[PDB]
Amino acid sequence: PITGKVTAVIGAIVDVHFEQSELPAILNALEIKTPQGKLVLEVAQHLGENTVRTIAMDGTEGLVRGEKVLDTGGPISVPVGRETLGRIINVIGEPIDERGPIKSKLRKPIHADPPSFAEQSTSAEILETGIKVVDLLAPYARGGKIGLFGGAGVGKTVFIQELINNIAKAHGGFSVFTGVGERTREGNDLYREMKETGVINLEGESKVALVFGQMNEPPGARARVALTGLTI
Amino acid sequence: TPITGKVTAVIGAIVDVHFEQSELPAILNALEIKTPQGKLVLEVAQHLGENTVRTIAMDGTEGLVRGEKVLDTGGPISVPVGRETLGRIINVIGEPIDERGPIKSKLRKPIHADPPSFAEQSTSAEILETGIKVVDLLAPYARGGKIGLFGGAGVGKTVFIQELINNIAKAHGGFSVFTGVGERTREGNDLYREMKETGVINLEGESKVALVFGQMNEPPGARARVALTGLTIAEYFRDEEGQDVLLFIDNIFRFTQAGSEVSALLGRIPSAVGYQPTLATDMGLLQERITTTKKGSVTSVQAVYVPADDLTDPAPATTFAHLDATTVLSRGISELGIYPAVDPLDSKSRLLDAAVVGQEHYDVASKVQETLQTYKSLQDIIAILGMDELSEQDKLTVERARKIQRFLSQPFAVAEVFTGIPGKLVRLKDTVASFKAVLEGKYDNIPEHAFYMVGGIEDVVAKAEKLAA
Amino acid sequence: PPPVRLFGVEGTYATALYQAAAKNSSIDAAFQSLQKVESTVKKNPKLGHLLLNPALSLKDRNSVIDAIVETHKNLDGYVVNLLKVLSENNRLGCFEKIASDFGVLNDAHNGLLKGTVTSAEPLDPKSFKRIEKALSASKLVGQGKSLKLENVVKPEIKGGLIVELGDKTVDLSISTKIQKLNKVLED
Amino acid sequence: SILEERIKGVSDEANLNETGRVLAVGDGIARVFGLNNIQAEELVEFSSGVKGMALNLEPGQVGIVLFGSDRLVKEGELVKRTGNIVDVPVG
């Protein structure tokens, strides 16, 4: 496939000059093989003159202007499956849980177009939740957006855990706890807690799949973490 | 002059032409691009060199094809003036948009006209009484003056002007110019109908009023030169006819605003809040083309849409500078339900003086100001703790001031529909008397509701009887 | 060092060309050959006009350059390096611009004074000659640079004449005198 | 000559009167080369399969505004004029 040489590294905005006429499309994912494994850059402009402008998903520290870039060909494709249940995956869709390569069926682009007007369901329903207070005074709704308020550690986390338990009874569904710029110390605790409360059973089954965003991750990867989770 | 060109750019309504011959029109010349939309009138505003001017387009620019043939009309746009204007609504170009066909032209005059000189100035001293109590009491107008209004536009602002037209312009008689920059088309139609009804426009006969109307639908660029056009019509009356005129401008915020829109496109480094750097000059030039020369005296009424009702905004601020009297009307006073909603501590006139309206008037006004300012001063204390926890002496003041506040409302006959109360105009002599009595607490012994939404002191006395039943 | 820097944008290119060809020693040869290829670029009307406007690749641009050096095998090598520069900077829209500028630098190096005697109508040849004589007589001519007298027709400059050369002009047009007369007689 | 022929050979052909080829594109506006006759506020349809309204007609370039997601458009695609000022079916 097409290859191109890095022609700028101003901040985390890395401009790559690609061989003529055959240029990535907007929202493609590029992989620069690095001694850090790979660096995933996502094409967010065409600057013209067979050059693009991309954002980075991994830190750009060290990079010789002129390193080869390879174009994956589309938005990052992250594995999905019942396999991905109970797996911590970083933004580039790779296991960071260190439970080794996640066996994948299919992988899917992180950017996706919202369902059509036709595909929208025309009547809303009520999602059951075990908490009586919730089910009386502010019922959960099927496919709704329910916005939590009140700081973490009040039991906020425990409330979230409760919902997973409830979900297992309610549907027997799955969940994905997507953490956007989660405090990484706190994240370790959360993983440990989720293991402990058995919503993740390493040996057993796991309802929740984890996508954890660390504040040390580049801003671009912080931004795309949510979209990745949504794909799952 | 027939100077062919091609349209190099069409960046908004700021087309750029590139003349191919080395004869190049000067700045403020006018060009016509002929299209199946007829002529579009553009005005040269920059010379960018290499035989490429950049022109403001005073008509909509949708559909233009680049490279389109241009022809230069040459010089500033020349409107047609006369007394034949009276009984016409004219577009920016000068087209008779009231569709009374071609205006019988005498002299057609350039839109841009240099403001008359320092020597030509003639200072006013006339009293013009509107019979509006708040106006009369607080800040008397004068013939030839520049009158000013501030607040939300056509939220009562338009109504205020309409009341002024109803009062002043029949008494004044003679030529009068109404120029409405970016006004609501329906409101303009109402004005046209109303004017025809009140015979000021009598289309069967003659009209002693002329009208220029620029709708707010008109492209921003068009709106910029609506004002200049109107001023030319006024100048013909001021100068050539030499008979005292009237002028209405609503809103002159639209003039500033229009300039700010074009400014960005033109390529100017934006000044604070985003206003055009040429804001001071453009406003200045405009406001010195409205003046009372020894040739003639033109009473002008200018309406300022204050954005977000922040007077600190630079465009309203620089407007405040060029007015001779202002009567800022405040949303708060509107909430208090007082129509007219003129803020009484934010009005001024250079005509309020103890020489100009005499010591007795001035004394009456002084006391009103002091009383109301005290009332404003104690607003904090009133809210935090009851009025009963104010000093007894102060409580008299507070009670008086509450009455003064209610008293100041004067039902308006133009607002008769809205108020549902038949309007009343009270004499200047009567106004001074009425307030004098109230200030001496003569009629302070009857409810605040008695003073509320009613006219003169005699009317209040009667309204006490009405309430008493 | 060039014979007085003139032109920033595009003229740094011209300056470079000049000084580089001063180190080539042959500036006249360079200029002449550039003039010849520039002329055949202009006298190439299909794509020598319609591909003076970038819209095509760096590689495609390079291949246009390759066609250009087939068109003349005389172009020195410094102006062939100039072709490289323009292709690399992918700016073809200032090729004739650079040509004109190089002409200015070149004829400054040659030393030819430039001038024009704009008038309302083309002047007499006796007038031309008398003016040519006068200008050479004047201290304006350093005896090192020999005027160009270009008549321009400008009826807008109603009558009279205006002589121009150097940064020094004498304007004894009729239009200016009328303008001043009128203006002061409006005072 | 043969040189001119070879130049003709590497030229994409068409003077791009009423069609363009897209240049730098991103931030939902594209800058197109050609579209020599272009009506102002016209509707153009890209070969991308999206339509845009020409907003800025500038000397030598036209700046379309993309009515649709940026993913669809890619550089160097051929823009054909709808030929109509933006219209919507009414009735």
# chains A, B, ... in the order shown; residues from 1 in each chain; ligands from 1

call {"tool": "residues_around", "arguments": {"residues": "region 114-128 of chain A", "least_positions_apart": "5", "cutoff": "9 Å", "atoms": "only C-alpha atoms", "output": "mmCIF file with N, CA and C atoms, in the first residue's frame"}}
result
data_model
loop_
_atom_site.group_PDB
_atom_site.id
_atom_site.type_symbol
_atom_site.label_atom_id
_atom_site.label_comp_id
_atom_site.auth_asym_id
_atom_site.auth_seq_id
_atom_site.Cartn_x
_atom_site.Cartn_y
_atom_site.Cartn_z
ATOM 1 N N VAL A 134 -34.624 4.935 41.458
ATOM 2 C CA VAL A 134 -34.432 5.206 40.064
ATOM 3 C C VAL A 134 -35.684 4.889 39.306
ATOM 4 N N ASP A 135 -36.299 3.718 39.570
ATOM 5 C CA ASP A 135 -37.440 3.283 38.802
ATOM 6 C C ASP A 135 -38.694 4.037 39.120
ATOM 7 N N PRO A 139 -37.207 7.167 35.913
ATOM 8 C CA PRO A 139 -37.032 5.849 35.335
ATOM 9 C C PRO A 139 -36.004 5.850 34.237
ATOM 10 N N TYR A 140 -35.165 4.788 34.145
ATOM 11 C CA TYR A 140 -34.247 4.601 33.044
ATOM 12 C C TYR A 140 -35.098 4.270 31.851
ATOM 13 N N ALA A 141 -34.602 4.577 30.646
ATOM 14 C CA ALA A 141 -35.384 4.515 29.450
ATOM 15 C C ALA A 141 -34.581 3.713 28.509
ATOM 16 N N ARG A 142 -35.257 3.021 27.571
ATOM 17 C CA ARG A 142 -34.596 2.118 26.681
ATOM 18 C C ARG A 142 -33.913 2.975 25.655
ATOM 19 N N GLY A 143 -32.577 2.808 25.569
ATOM 20 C CA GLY A 143 -31.674 3.556 24.737
ATOM 21 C C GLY A 143 -31.501 5.001 25.102
ATOM 22 N N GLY A 144 -31.855 5.405 26.347
ATOM 23 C CA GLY A 144 -31.861 6.793 26.765
ATOM 24 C C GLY A 144 -30.484 7.259 27.152
ATOM 25 N N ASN A 166 -27.500 -5.374 37.705
ATOM 26 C CA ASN A 166 -28.893 -5.241 37.405
ATOM 27 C C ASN A 166 -29.098 -5.600 35.978
ATOM 28 N N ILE A 167 -28.182 -5.163 35.089
ATOM 29 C CA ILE A 167 -28.254 -5.358 33.664
ATOM 30 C C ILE A 167 -28.223 -6.822 33.369
ATOM 31 N N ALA A 170 -31.597 -7.979 34.154
ATOM 32 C CA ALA A 170 -32.577 -7.262 33.376
ATOM 33 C C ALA A 170 -32.674 -7.747 31.975
#

call {"tool": "residues_around", "arguments": {"residues": "region 176-191 of chain B", "least_positions_apart": "3", "cutoff": "6 Å", "atoms": "only C-alpha atoms", "output": "list in words"}}
result
residues 194, 195, 209, 210, 211, 212, 213, 214, 215, 216, 230, 245, 246, 247, 248, 249, 250 and 251 of chain B

call {"tool": "residues_around", "arguments": {"residues": "region 22-25 of chain D", "least_positions_apart": "6", "cutoff": "12 Å", "atoms": "only C-alpha atoms", "output": "VMD selection string"}}
result
(chain A and resid 21 23 25 to 26 43 to 53) or (chain C and resid 54 to 57) or (chain D and resid 16 31 to 35 44 to 48 60 to 66 70 to 80)

call {"tool": "interface_residues", "arguments": {"of": "chain B", "to": "chain D", "cutoff": "7 Å", "atoms": "only C-alpha atoms", "output": "JSON, numbers by chain"}}
result
{"B": [8, 9, 10, 11, 12, 62, 63, 64, 65, 66]}

call {"tool": "write_last_selection", "arguments": {"atoms": "N, CA, C and O atoms", "output": "PDB file, in the first residue's frame"}}
result
ATOM      1  N   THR B   8     -13.434  39.456 -11.227  1.00  0.00           N
ATOM      2  CA  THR B   8     -12.384  38.614 -10.708  1.00  0.00           C
ATOM      3  C   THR B   8     -12.823  37.796  -9.525  1.00  0.00           C
ATOM      4  O   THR B   8     -12.453  36.630  -9.410  1.00  0.00           O
ATOM      5  N   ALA B   9     -13.599  38.401  -8.605  1.00  0.00           N
ATOM      6  CA  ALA B   9     -14.002  37.710  -7.413  1.00  0.00           C
ATOM      7  C   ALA B   9     -15.397  38.092  -7.087  1.00  0.00           C
ATOM      8  O   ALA B   9     -15.855  39.164  -7.452  1.00  0.00           O
ATOM      9  N   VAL B  10     -16.063  37.244  -6.291  1.00  0.00           N
ATOM     10  CA  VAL B  10     -17.368  37.486  -5.763  1.00  0.00           C
ATOM     11  C   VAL B  10     -17.182  36.818  -4.451  1.00  0.00           C
ATOM     12  O   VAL B  10     -17.518  35.655  -4.241  1.00  0.00           O
ATOM     13  N   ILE B  11     -16.673  37.610  -3.496  1.00  0.00           N
ATOM     14  CA  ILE B  11     -16.458  37.178  -2.152  1.00  0.00           C
ATOM     15  C   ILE B  11     -17.552  37.945  -1.513  1.00  0.00           C
ATOM     16  O   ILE B  11     -17.500  39.173  -1.481  1.00  0.00           O
ATOM     17  N   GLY B  12     -18.599  37.241  -1.031  1.00  0.00           N
ATOM     18  CA  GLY B  12     -19.815  37.844  -0.537  1.00  0.00           C
ATOM     19  C   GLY B  12     -20.370  38.860  -1.493  1.00  0.00           C
ATOM     20  O   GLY B  12     -20.264  38.703  -2.707  1.00  0.00           O
ATOM     21  N   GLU B  62     -26.066  36.922  -5.562  1.00  0.00           N
ATOM     22  CA  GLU B  62     -26.317  35.554  -5.935  1.00  0.00           C
ATOM     23  C   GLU B  62     -26.497  35.427  -7.418  1.00  0.00           C
ATOM     24  O   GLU B  62     -27.126  36.263  -8.059  1.00  0.00           O
ATOM     25  N   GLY B  63     -25.930  34.347  -7.976  1.00  0.00           N
ATOM     26  CA  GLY B  63     -26.011  34.006  -9.363  1.00  0.00           C
ATOM     27  C   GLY B  63     -24.908  34.547 -10.207  1.00  0.00           C
ATOM     28  O   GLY B  63     -24.788  34.107 -11.347  1.00  0.00           O
ATOM     29  N   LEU B  64     -24.045  35.468  -9.705  1.00  0.00           N
ATOM     30  CA  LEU B  64     -23.005  36.066 -10.523  1.00  0.00           C
ATOM     31  C   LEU B  64     -22.064  35.015 -11.045  1.00  0.00           C
ATOM     32  O   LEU B  64     -21.802  34.023 -10.374  1.00  0.00           O
ATOM     33  N   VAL B  65     -21.598  35.183 -12.298  1.00  0.00           N
ATOM     34  CA  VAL B  65     -20.675  34.266 -12.909  1.00  0.00           C
ATOM     35  C   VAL B  65     -19.412  35.033 -13.036  1.00  0.00           C
ATOM     36  O   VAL B  65     -19.410  36.140 -13.555  1.00  0.00           O
ATOM     37  N   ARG B  66     -18.280  34.454 -12.575  1.00  0.00           N
ATOM     38  CA  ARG B  66     -17.012  35.133 -12.602  1.00  0.00           C
ATOM     39  C   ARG B  66     -16.594  35.430 -14.003  1.00  0.00           C
ATOM     40  O   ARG B  66     -16.694  34.587 -14.886  1.00  0.00           O
TER      41      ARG B  66
END

call {"tool": "closest_atom_pairs", "arguments": {"of": "chain B", "to": "chain C", "cutoff": "12 Å", "atoms": "only C-alpha atoms", "output": "tab-separated table"}}
result
residue	atom	partner	partner_atom	distance
B:21	CA	C:154	CA	11.8
B:22	CA	C:154	CA	9.3
B:23	CA	C:156	CA	8.3
B:24	CA	C:156	CA	10.5
B:25	CA	C:156	CA	11.8

call {"tool": "write_last_selection", "arguments": {"atoms": "N, CA, C and O atoms", "output": "compact mmCIF listing (two decimals), in the first residue's frame"}}
result
# COMPACT_ATOMS: atom_id res chain seq x y z
N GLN B 21 -8.83 47.96 -19.46
CA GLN B 21 -8.28 49.17 -19.99
C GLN B 21 -7.68 49.90 -18.83
O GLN B 21 -7.95 49.57 -17.68
N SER B 22 -6.81 50.88 -19.14
CA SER B 22 -6.00 51.55 -18.15
C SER B 22 -6.69 52.79 -17.65
O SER B 22 -6.14 53.52 -16.84
N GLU B 23 -7.94 53.02 -18.11
CA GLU B 23 -8.80 54.02 -17.53
C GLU B 23 -9.50 53.34 -16.41
O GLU B 23 -10.16 52.32 -16.63
N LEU B 24 -9.39 53.88 -15.18
CA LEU B 24 -9.80 53.19 -13.98
C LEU B 24 -10.70 54.15 -13.26
O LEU B 24 -10.25 55.27 -13.00
N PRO B 25 -11.94 53.82 -12.90
CA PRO B 25 -12.81 54.67 -12.12
C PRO B 25 -12.22 54.95 -10.77
O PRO B 25 -11.39 54.17 -10.31

call {"tool": "residues_around", "arguments": {"residues": "region 259-274 of chain B", "least_positions_apart": "4", "cutoff": "7 Å", "atoms": "only C-alpha atoms", "output": "PyMOL selection string"}}
result
chain B and resi 14+220-221+224+255

call {"tool": "closest_residue", "arguments": {"among": "A:129, A:20, A:216, A:188", "to": "chain C", "atoms": "only C-alpha atoms"}}
result
A:20

call {"tool": "atom_distance", "arguments": {"atom1": "CA of residue 7 (chain D)", "atom2": "CA of residue 64 (chain C)"}}
result
6.1 Å

call {"tool": "select_by_dssp", "arguments": {"residues": "chain C", "states": "strand (DSSP E or B)", "output": "PyMOL selection string"}}
result
chain C and resi 115-119+151-153+160-165+168-173

call {"tool": "write_last_selection", "arguments": {"atoms": "N, CA, C and O atoms", "output": "PDB file, in the first residue's frame"}}
result
ATOM      1  N   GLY C 115      12.932  55.482 -18.762  1.00  0.00           N
ATOM      2  CA  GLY C 115      12.206  56.710 -18.650  1.00  0.00           C
ATOM      3  C   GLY C 115      10.991  56.580 -19.488  1.00  0.00           C
ATOM      4  O   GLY C 115      10.806  55.602 -20.208  1.00  0.00           O
ATOM      5  N   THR C 116      10.119  57.594 -19.396  1.00  0.00           N
ATOM      6  CA  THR C 116       8.925  57.657 -20.174  1.00  0.00           C
ATOM      7  C   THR C 116       8.573  59.111 -20.127  1.00  0.00           C
ATOM      8  O   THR C 116       8.891  59.826 -19.185  1.00  0.00           O
ATOM      9  N   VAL C 117       7.939  59.584 -21.207  1.00  0.00           N
ATOM     10  CA  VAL C 117       7.541  60.934 -21.399  1.00  0.00           C
ATOM     11  C   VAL C 117       6.110  60.779 -21.781  1.00  0.00           C
ATOM     12  O   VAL C 117       5.725  60.966 -22.932  1.00  0.00           O
ATOM     13  N   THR C 118       5.254  60.504 -20.767  1.00  0.00           N
ATOM     14  CA  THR C 118       3.827  60.359 -20.945  1.00  0.00           C
ATOM     15  C   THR C 118       3.338  61.722 -21.384  1.00  0.00           C
ATOM     16  O   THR C 118       3.867  62.741 -20.947  1.00  0.00           O
ATOM     17  N   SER C 119       2.390  61.763 -22.333  1.00  0.00           N
ATOM     18  CA  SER C 119       1.851  62.998 -22.829  1.00  0.00           C
ATOM     19  C   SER C 119       0.433  62.655 -23.187  1.00  0.00           C
ATOM     20  O   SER C 119       0.004  61.519 -23.011  1.00  0.00           O
ATOM     21  N   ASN C 151       7.004  57.043 -25.110  1.00  0.00           N
ATOM     22  CA  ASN C 151       5.875  57.927 -25.125  1.00  0.00           C
ATOM     23  C   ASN C 151       4.716  57.107 -24.673  1.00  0.00           C
ATOM     24  O   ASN C 151       4.563  55.972 -25.118  1.00  0.00           O
ATOM     25  N   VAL C 152       3.858  57.678 -23.808  1.00  0.00           N
ATOM     26  CA  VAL C 152       2.622  57.025 -23.478  1.00  0.00           C
ATOM     27  C   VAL C 152       1.621  58.075 -23.859  1.00  0.00           C
ATOM     28  O   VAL C 152       1.925  59.264 -23.894  1.00  0.00           O
ATOM     29  N   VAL C 153       0.401  57.622 -24.204  1.00  0.00           N
ATOM     30  CA  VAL C 153      -0.696  58.436 -24.639  1.00  0.00           C
ATOM     31  C   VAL C 153      -1.628  58.355 -23.481  1.00  0.00           C
ATOM     32  O   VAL C 153      -1.959  57.263 -23.027  1.00  0.00           O
ATOM     33  N   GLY C 160      -0.224  69.088 -22.098  1.00  0.00           N
ATOM     34  CA  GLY C 160       1.105  69.196 -21.565  1.00  0.00           C
ATOM     35  C   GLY C 160       1.905  67.941 -21.736  1.00  0.00           C
ATOM     36  O   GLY C 160       1.728  67.215 -22.709  1.00  0.00           O
ATOM     37  N   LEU C 161       2.878  67.725 -20.833  1.00  0.00           N
ATOM     38  CA  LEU C 161       3.790  66.621 -20.932  1.00  0.00           C
ATOM     39  C   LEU C 161       4.179  66.330 -19.523  1.00  0.00           C
ATOM     40  O   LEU C 161       4.086  67.180 -18.644  1.00  0.00           O
ATOM     41  N   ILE C 162       4.665  65.105 -19.280  1.00  0.00           N
ATOM     42  CA  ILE C 162       5.296  64.803 -18.038  1.00  0.00           C
ATOM     43  C   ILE C 162       6.423  63.920 -18.445  1.00  0.00           C
ATOM     44  O   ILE C 162       6.243  62.927 -19.142  1.00  0.00           O
ATOM     45  N   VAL C 163       7.626  64.277 -17.974  1.00  0.00           N
ATOM     46  CA  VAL C 163       8.850  63.572 -18.202  1.00  0.00           C
ATOM     47  C   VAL C 163       9.082  62.832 -16.926  1.00  0.00           C
ATOM     48  O   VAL C 163       8.859  63.379 -15.850  1.00  0.00           O
ATOM     49  N   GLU C 164       9.561  61.579 -17.026  1.00  0.00           N
ATOM     50  CA  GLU C 164       9.742  60.705 -15.905  1.00  0.00           C
ATOM     51  C   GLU C 164      10.976  59.927 -16.238  1.00  0.00           C
ATOM     52  O   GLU C 164      11.183  59.562 -17.390  1.00  0.00           O
ATOM     53  N   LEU C 165      11.840  59.701 -15.233  1.00  0.00           N
ATOM     54  CA  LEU C 165      13.000  58.852 -15.348  1.00  0.00           C
ATOM     55  C   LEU C 165      13.638  59.006 -14.016  1.00  0.00           C
ATOM     56  O   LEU C 165      13.521  60.043 -13.375  1.00  0.00           O
ATOM     57  N   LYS C 168      12.622  60.987 -10.476  1.00  0.00           N
ATOM     58  CA  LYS C 168      12.546  62.393 -10.690  1.00  0.00           C
ATOM     59  C   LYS C 168      11.716  62.609 -11.890  1.00  0.00           C
ATOM     60  O   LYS C 168      11.858  61.960 -12.920  1.00  0.00           O
ATOM     61  N   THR C 169      10.766  63.542 -11.766  1.00  0.00           N
ATOM     62  CA  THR C 169       9.761  63.730 -12.759  1.00  0.00           C
ATOM     63  C   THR C 169       9.664  65.218 -12.808  1.00  0.00           C
ATOM     64  O   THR C 169      10.004  65.923 -11.861  1.00  0.00           O
ATOM     65  N   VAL C 170       9.182  65.723 -13.948  1.00  0.00           N
ATOM     66  CA  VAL C 170       8.790  67.088 -14.079  1.00  0.00           C
ATOM     67  C   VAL C 170       7.501  66.893 -14.783  1.00  0.00           C
ATOM     68  O   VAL C 170       7.401  66.165 -15.767  1.00  0.00           O
ATOM     69  N   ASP C 171       6.464  67.515 -14.215  1.00  0.00           N
ATOM     70  CA  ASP C 171       5.116  67.322 -14.621  1.00  0.00           C
ATOM     71  C   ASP C 171       4.700  68.704 -14.975  1.00  0.00           C
ATOM     72  O   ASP C 171       4.506  69.545 -14.104  1.00  0.00           O
ATOM     73  N   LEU C 172       4.572  68.963 -16.284  1.00  0.00           N
ATOM     74  CA  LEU C 172       4.119  70.226 -16.786  1.00  0.00           C
ATOM     75  C   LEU C 172       3.031  69.828 -17.710  1.00  0.00           C
ATOM     76  O   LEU C 172       2.965  70.259 -18.858  1.00  0.00           O
ATOM     77  N   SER C 173       2.047  69.090 -17.140  1.00  0.00           N
ATOM     78  CA  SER C 173       0.908  68.628 -17.877  1.00  0.00           C
ATOM     79  C   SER C 173      -0.038  69.784 -17.808  1.00  0.00           C
ATOM     80  O   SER C 173       0.183  70.723 -17.046  1.00  0.00           O
TER      81      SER C 173
END

call {"tool": "residues_around", "arguments": {"residues": "region 133-139 of chain B", "least_positions_apart": "4", "cutoff": "8 Å", "atoms": "only C-alpha atoms", "output": "PyMOL selection string"}}
result
chain B and resi 129+325+327+340+342+344+347-349+351-352+361+365+408-410+425-426+428+431-432

call {"tool": "write_last_selection", "arguments": {"atoms": "C-alpha atoms", "output": "PDB file, in the first residue's frame"}}
result
ATOM      1  CA  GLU B 129     -42.517  70.534  22.985  1.00  0.00           C
ATOM      2  CA  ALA B 325     -30.281  65.174  23.252  1.00  0.00           C
ATOM      3  CA  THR B 327     -33.649  59.904  26.125  1.00  0.00           C
ATOM      4  CA  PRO B 340     -43.068  55.557  27.868  1.00  0.00           C
ATOM      5  CA  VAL B 342     -37.641  56.426  29.196  1.00  0.00           C
ATOM      6  CA  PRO B 344     -35.407  59.198  33.984  1.00  0.00           C
ATOM      7  CA  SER B 347     -31.813  61.382  29.794  1.00  0.00           C
ATOM      8  CA  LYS B 348     -30.071  64.592  28.933  1.00  0.00           C
ATOM      9  CA  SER B 349     -30.536  67.568  26.709  1.00  0.00           C
ATOM     10  CA  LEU B 351     -31.848  72.361  26.297  1.00  0.00           C
ATOM     11  CA  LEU B 352     -32.455  71.535  29.944  1.00  0.00           C
ATOM     12  CA  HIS B 361     -38.813  74.667  35.138  1.00  0.00           C
ATOM     13  CA  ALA B 365     -36.728  69.220  37.297  1.00  0.00           C
ATOM     14  CA  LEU B 408     -44.544  59.622  34.745  1.00  0.00           C
ATOM     15  CA  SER B 409     -46.558  57.175  32.608  1.00  0.00           C
ATOM     16  CA  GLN B 410     -48.506  59.028  29.958  1.00  0.00           C
ATOM     17  CA  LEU B 425     -51.021  65.084  25.357  1.00  0.00           C
ATOM     18  CA  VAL B 426     -50.322  67.500  28.146  1.00  0.00           C
ATOM     19  CA  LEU B 428     -45.610  72.107  28.517  1.00  0.00           C
ATOM     20  CA  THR B 431     -46.588  69.680  32.817  1.00  0.00           C
ATOM     21  CA  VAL B 432     -44.485  72.024  34.952  1.00  0.00           C
TER      22      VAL B 432
END

call {"tool": "select_by_dssp", "arguments": {"residues": "chain C", "states": "helix (DSSP H, G or I)", "output": "JSON, numbers by chain"}}
result
{"C": [11, 12, 13, 14, 15, 16, 17, 18, 19, 20, 21, 22, 28, 29, 30, 31, 32, 33, 34, 35, 36, 37, 38, 39, 40, 41, 42, 58, 59, 60, 61, 62, 63, 64, 65, 66, 67, 68, 69, 70, 71, 78, 79, 80, 81, 82, 83, 84, 85, 86, 87, 88, 96, 97, 98, 99, 100, 101, 102, 103, 104, 105, 106, 107, 108, 109, 110, 125, 126, 127, 128, 129, 130, 131, 132, 133, 134, 135, 136, 137, 174, 175, 176, 177, 178, 179, 180, 181, 182, 183, 184]}

call {"tool": "interface_residues", "arguments": {"of": "chain C", "to": "chain D", "cutoff": "10 Å", "atoms": "only C-alpha atoms", "output": "PyMOL selection string"}}
result
chain C and resi 44-48+50-51+53-56+60-61+63-71

call {"tool": "residues_around", "arguments": {"residues": "residue 303 (chain B)", "least_positions_apart": "6", "cutoff": "9 Å", "atoms": "only C-alpha atoms", "output": "PyMOL selection string"}}
result
chain B and resi 147-151+153+157-158+161+248-253

call {"tool": "write_last_selection", "arguments": {"atoms": "N, CA, C and O atoms", "output": "compact mmCIF listing (two decimals), in the first residue's frame"}}
result
# COMPACT_ATOMS: atom_id res chain seq x y z
N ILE B 147 -32.19 64.15 18.09
CA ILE B 147 -32.92 63.60 19.20
C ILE B 147 -32.47 62.17 19.14
O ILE B 147 -31.99 61.73 18.10
N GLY B 148 -32.50 61.45 20.29
CA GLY B 148 -31.91 60.13 20.36
C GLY B 148 -32.66 59.25 21.30
O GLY B 148 -33.20 59.69 22.30
N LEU B 149 -32.70 57.95 20.95
CA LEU B 149 -33.48 56.94 21.60
C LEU B 149 -32.58 55.75 21.62
O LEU B 149 -31.82 55.54 20.69
N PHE B 150 -32.68 54.91 22.66
CA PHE B 150 -31.77 53.82 22.87
C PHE B 150 -32.60 52.75 23.52
O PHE B 150 -33.57 53.07 24.20
N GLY B 151 -32.21 51.46 23.34
CA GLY B 151 -32.96 50.32 23.84
C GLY B 151 -33.24 49.35 22.72
O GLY B 151 -32.68 49.47 21.64
N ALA B 153 -35.12 47.65 19.72
CA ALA B 153 -35.77 48.23 18.58
C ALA B 153 -37.07 47.63 18.21
O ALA B 153 -37.19 46.42 18.03
N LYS B 157 -39.59 50.92 20.87
CA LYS B 157 -38.79 51.97 20.31
C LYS B 157 -39.44 52.52 19.10
O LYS B 157 -39.54 53.73 18.96
N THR B 158 -39.97 51.64 18.21
CA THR B 158 -40.59 52.08 16.99
C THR B 158 -41.82 52.86 17.34
O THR B 158 -42.06 53.92 16.78
N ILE B 161 -41.25 56.54 18.25
CA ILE B 161 -41.01 57.36 17.10
C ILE B 161 -42.31 57.69 16.45
O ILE B 161 -42.55 58.83 16.08
N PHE B 248 -36.21 61.29 10.20
CA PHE B 248 -36.38 60.19 11.09
C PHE B 248 -35.45 59.19 10.51
O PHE B 248 -35.29 59.11 9.29
N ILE B 249 -34.78 58.42 11.39
CA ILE B 249 -33.73 57.49 11.08
C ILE B 249 -34.07 56.43 12.08
O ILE B 249 -34.33 56.74 13.24
N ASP B 250 -34.16 55.17 11.62
CA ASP B 250 -34.47 54.10 12.53
C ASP B 250 -34.01 52.83 11.88
O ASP B 250 -34.75 52.24 11.11
N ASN B 251 -32.82 52.30 12.22
CA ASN B 251 -32.07 52.52 13.43
C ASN B 251 -30.78 52.94 12.84
O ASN B 251 -30.45 52.57 11.72
N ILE B 252 -29.98 53.69 13.60
CA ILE B 252 -28.72 54.15 13.09
C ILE B 252 -27.71 53.16 13.58
O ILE B 252 -26.59 53.12 13.10
N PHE B 253 -28.17 52.18 14.40
CA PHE B 253 -27.39 51.03 14.74
C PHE B 253 -27.25 50.20 13.50
O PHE B 253 -26.19 49.67 13.24
